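Chains as they are written, first to last, in UniProt numbering: chain A, 5 to 73, 81 to 120, 133 to 230, 240 to 288; chain B, 6 to 72, 82 to 120, 132 to 231, 240 to 288; chain C, 6 to 74, 81 to 120, 131 to 288; chain D, 6 to 74, 81 to 121, 133 to 288.
Here a beta-carbon is modelled for each residue, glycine too, at the ideal position from N, C-alpha and C.
Remarks on the structure that follows.
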Ligand SMILES: NC(=O)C1=CN([C@@H]2O[C@H](COP(=O)(O)OP(=O)(O)OC[C@H]3O[C@@H](n4cnc5c(N)ncnc54)[C@H](OP(=O)(O)O)[C@@H]3O)[C@@H](O)[C@H]2O)C=CC1
Ligand SMILES: NC(=O)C1=CN([C@@H]2O[C@H](COP(=O)(O)OP(=O)(O)OC[C@H]3O[C@@H](n4cnc5c(N)ncnc54)[C@H](OP(=O)(O)O)[C@@H]3O)[C@@H](O)[C@H]2O)C=CC1
Ligand SMILES: NC(=O)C1=CN([C@@H]2O[C@H](COP(=O)(O)OP(=O)(O)OC[C@H]3O[C@@H](n4cnc5c(N)ncnc54)[C@H](OP(=O)(O)O)[C@@H]3O)[C@@H](O)[C@H]2O)C=CC1
Ligand SMILES: NC(=O)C1=CN([C@@H]2O[C@H](COP(=O)(O)OP(=O)(O)OC[C@H]3O[C@@H](n4cnc5c(N)ncnc54)[C@H](OP(=O)(O)O)[C@@H]3O)[C@@H](O)[C@H]2O)C=CC1
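Following this line, the structure appears as structure tokens:
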């Protein structure tokens, strides 16, 4: 049986490493993207070249805003992403909420305030919520006899948000929401044997903070994070749910 | 005479907090959404005890426009109301909170308003309120600033042990915890303290209470508001970015 | 008149705690290990303000047997501290596990002794003594007929707001503090039926010792987000006192950081 | 061919962990206290599968001095376990602090009992692990850089449920809290030697069934995922993963393996 994985923000960096890892384990992969169409399609071509019909791409803005066709709501856009997996491959075994907007929202010195709120909160928390709902309904709507045997949802959190980055309040809040989503979803979806966990990087693939990481005194590679993600998706991890794993080289253990 | 703004001050915990702060000498701006009668009754009681020690302000803190007026604007206006009437705002208490199911498992705009209401009241409104509050302090010349600025976020001691079916509420509380820490850090330079108070079971609607280790009952409003009040006192000036459980040990239990 | 036992009461945070409780009307049993002169000076001050409101008891809380007053065990020494409260005043309403040894136990580089004594000292003072003290305290309340019990039993464990961001080289100390946090939760749960509340207070930097260059000391305190300084003893003891008040009677099993946001920082 | 020392390896989780590591090619030093028969049986199986891939060492990890052949301290007995790995195979790449005593130490409802309970519960769950880590760390530091292994990993078996204390188990819960502290402090201090230190916290695994079937069923039925306790393998696979080179950026973290049990409330 060939399992399917949906990965948001799959075009590059961690998202792309995650998709590659899942693909190397035999997953067919639905690569979501927002703006990185060229990289997304280039990745699909690589994956489909290795193994025919093992990759597709879907575009979507996951910000908590209406888009033009009545207006399309973020929920609808999310349901469509999950539906694209069932339409093409007839299944969706794994969901990885990786897409994430990250920029300052200082408390100390309108259009910007409102789009920032919906963008940061949508991508990091609200989209993943609706995505999980859509994913869950599909599974519930599948007759028990026909369900997969290893449903796994991974939320990309942040190992460092408890030690807030000065000026990033909304981003930090959204990640805090995502942690709550992880726990609440693990509990409510446990009956459908759908596991929900979180993976929190510290510093990965930076574009003198490296030297602060206790382990290796450097940021991590994408693989050093994606391997963790892949492991949590494996049947060997089927008893793990509702937990967040830090992948930070001990950075969260430090103090100023 | 210090001023305190308390959202959702009309009844229950919000009312207890206002009364507590008032008993310590605070002038209190009582925010309310729908409980206009209860809000005005309380103001009358407080103003009767001490002239000009209470006002009331109506506002929907759901992340939606009204009349268009954005949530941020409505929030700025709440804080402005304090400076307009009394010329100051020393304490902010983000207490207002919507609480109802958002099941993941068995409706179009039903989830739309739920999203904006649950997230607005519990997280986004508090964010804008804190911004507005922080902005007024920063805009106040150092010599004229108060000496005990305190923001309290009402969190939930039990959200790490999620209530089945309440994902969006739980998510909003998680955001509020993040707001508490991020704000404490960024506002430390203005000497504005930001903390959280997390009830377990308090003043139940109407069992579940027999589950509480301590006293085997839910708490009274005072048992929570006193903690809020203490965190606002100058005896607590070194505390910031922390959340205090007031749950009688409920979070220490397991199924 | 309610009684409070405070371990390591002779100076610094322990003294401030005793003074605070004393200012609220508590009679205070001041425990000390080596600071006899400081302890007696404090008792004198408290007894001078209010006759018979203070006493002092000496005890090594390290997890080692002591010279017969058959060797005396740590548990026995702990029971005796609690007993000294009931013997003199007929009661013990509040316990504050404040005493604490603090020094390096590096993982990397007349010798065994230092290893075996460090283990028992750091662990005893910070965790094991508090355990037996709580047991003793718990036993005395349980042995009191309901009709004679106090109405506000409170136990406070002094923890560390920064142990989750370990100080390099202090593994055993950090370990003992983690054990203390465990004790706090387990005790709150088990003693809830006797209405004995058990909480923790975790300082960050308080009355930071200045055995180092002025600038190096400016550095450390400047890392605290709020006020860019370590705290005074009062800024911590007032929190302790509050947790002991009847206005905190619904709080139990919780640890309160008093760190001015220090734990929110990163390297 | 890497070496792994596993304490309390004789049965249950310890055994599953040794088997897991053995299946990955590790040579395994199986520590035991009282389960000599089960320990030797396991060694035989492993050695039969791959010659000279298993040994055993007996040791009481309680924080008490043992009788020789001058009393032996816990630290010495700990160094000797680590030494046994370097003596036999010339290396120790992985350490798994699995050994653990677990029994009640009530505060109420009421000897050499309390002196031994304290030392046994605290020794096995915390103090031994401390000294073992020290010993393990010294051996690595005393190895010239050019000869060091490339994947040093220490895993501490913690408890996903200690923050929701089991009534009457104060000392155990305290020792587990100390073990968590040990995990973080050690990760930090040993980072420079590239020695990773993490924790794995089971919830309910291979739940002891010494009670009415209904009572046993009620207990496991509380676990949200599968409504059952876990198998040993469902825990050991996590341990094994954390030891793999794919996990070489993870350190100072504790991973719950509890099927969501810690998410529940009374
Ligand atoms: N890298 C690090 O040091 C850390 C990473 N993390 C988390 O790990 C995950 C991946 O990290 P990283 O690779 O750095 O991520 P990136 O910052 O590179 O962003 C990943 C993708 O998110 C997509 N995205 C952003 N906003 C939206 C939106 N509004 N709608 C739809 N898609 C959007 C972008 O896709 P596109 O280009 O197609 O528009 C982008 O490629 C993230 O969730 C991040 O929060 C956490 C802590 C540290
Ligand atoms: N009580 C408990 O057991 C627990 C309480 N808490 C938290 O403590 C705080 C107070 O608790 P409690 O007294 O029970 O709170 P309530 O549930 O009684 O709600 C408080 C007030 O919030 C206001 N409110 C709700 N939605 C909105 C909105 N969209 N815009 C503006 N105001 C709104 C309401 O004001 P109005 O009536 O005027 O419309 C209401 O009176 C809350 O933050 C809650 O989350 C956390 C855990 C447990
Ligand atoms: N001050 C700070 O920055 C921080 C403090 N804390 C905690 O707060 C509490 C008080 O802090 P602080 O005032 O600095 O504490 P101190 O370091 O000054 O120690 C307090 C007392 O503990 C006693 N003590 C130490 N070892 C033993 C022992 N083996 N047996 C009996 N008594 C012993 C000493 O009593 P004597 O002198 O009589 O021998 C000492 O006066 C402690 O628990 C500490 O761990 C936590 C984080 C930070
Ligand atoms: N199983 C579960 O549901 C849970 C397990 N855990 C943790 O997982 C780990 C393994 O679990 P599990 O397999 O159940 O463990 P066990 O309860 O079976 O104990 C493991 C081994 O520890 C050894 N041991 C106990 N005390 C000592 C001592 N004083 N000195 C030396 N060795 C000692 C015993 O070895 P011997 O037989 O040779 O004497 C025993 O076989 C433990 O650390 C445990 O705390 C945590 C939560 C739940």
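DSSP beta-bridge partners of residue i
i                      : result
residue 172 of chain D : DSSP lists no partner for residue 172 of chain D.
residue 8 of chain B   : B:32
residue 218 of chain B : B:175
residue 245 of chain B : The partner list for residue 245 of chain B (beta bridge, DSSP) is empty, contrary to what the question assumes.
residue 16 of chain A  : None, per the DSSP bridge assignment.
residue 223 of chain B : B:278
residue 59 of chain A  : A:33
residue 107 of chain D : D:11, D:177
residue 71 of chain D  : D:83
residue 252 of chain D : D:227
Anticipated Cβ contact below 8 Å, residue i with residue j, distance rounded
i                      : j                      : result
residue 19 of chain B  : residue 110 of chain B : 7 Å
residue 84 of chain D  : residue 133 of chain C : 6 Å
residue 230 of chain C : residue 157 of chain C : Between residue 157 of chain C and residue 230 of chain C the Cβ distance is about 31 Å, and since that is not below 8 Å, they are no contact.
residue 278 of chain B : residue 272 of chain C : 7 Å
residue 219 of chain C : residue 164 of chain C : Not a contact, Cβ separation roughly 18 Å.
residue 88 of chain D  : residue 288 of chain B : The Cβ separation is near 40 Å, so there is no contact.
residue 246 of chain D : residue 213 of chain A : 4 Å
Same chain, Cβ closer than 6 Å to residue i, five either side skipped, listed in chain order
i                      : result
residue 228 of chain B : 17, 254
residue 13 of chain C  : 19, 109, 110
residue 66 of chain D  : 110, 145, 146, 150
residue 82 of chain D  : 70
Sequence-distant residues of its chain with Cβ nearer than 7 Å to residue i (five each side left out)
i                      : result
residue 171 of chain A : 7, 102, 104
residue 29 of chain C  : 262
residue 31 of chain D  : 7, 8, 9, 105
residue 217 of chain D : 159, 162, 174, 176
residue 33 of chain A  : 9, 11, 23, 26, 27, 51, 58, 59
residue 115 of chain D : 190, 191
residue 140 of chain C : 193
C-alpha distance - residue i paired with residue j, whole-angstrom precision
i                      : j                      : result
residue 188 of chain C : residue 159 of chain C : 33 Å
residue 119 of chain B : residue 162 of chain A : 10 Å
residue 22 of chain D  : residue 11 of chain D  : 8 Å
residue 124 of chain D : residue 209 of chain C : Residue numbering in chain D breaks between 121 and 133, and residue 124 of chain D falls inside that break, so it has no position here.
residue 107 of chain A : residue 258 of chain D : 25 Å
residue 186 of chain B : residue 284 of chain D : 7 Å
residue 37 of chain C  : residue 113 of chain B : 51 Å
residue 237 of chain B : residue 237 of chain C : Not modelled: residue 237 of chain B, which lies between 231 and 240, the two residues flanking a gap in chain B.
residue 211 of chain B : residue 168 of chain B : 21 Å
residue 48 of chain D  : residue 39 of chain D  : 15 Å
residue 270 of chain D : residue 27 of chain A  : 21 Å
residue 184 of chain A : residue 73 of chain C  : 54 Å
residue 58 of chain C  : residue 266 of chain B : 28 Å
residue 252 of chain D : residue 52 of chain D  : 28 Å
residue 280 of chain B : residue 207 of chain C : 15 Å
Own chain residues within Cβ distance below 8 Å of residue i, not counting five before or after
i                      : result
residue 180 of chain C : 198, 201, 202, 205, 221, 222, 223, 276
Query raised in the report: Listed in chain order, which residues of the segment 172-192 of chain B have Cβ atoms closer than 9 Å to some Cβ of chain A?
Result: 184, 185, 186, 187, 188, 189, 190, 191, 192
Query raised in the report: When Cβ atoms are compared, which residues of the segment 242-256 of chain D fall closer than 9 Å to chain A?
Result: 245, 246, 247, 248, 249, 252, 253, 255, 256
Query raised in the report: In chain order, what residues of the segment 273-287 of chain C put their CB closer than 7 Å to some CB of chain D?
Result: none
Query raised in the report: For the segment 194-212 of chain C, which residues have a CB atom closer than 8 Å to at least one CB atom of chain B, in sequence order?
Result: 206, 209, 210
Query raised in the report: When you check each C-beta in the segment 52-69 of chain B against every C-beta of chain A, which residues fall closer than 9 Å?
Result: 68
Query raised in the report: Using Cβ-Cβ distances below 8 Å, what residues of the segment 141-161 of chain A are close to chain B?
Result: 144, 148, 149, 152, 155, 156, 159, 160
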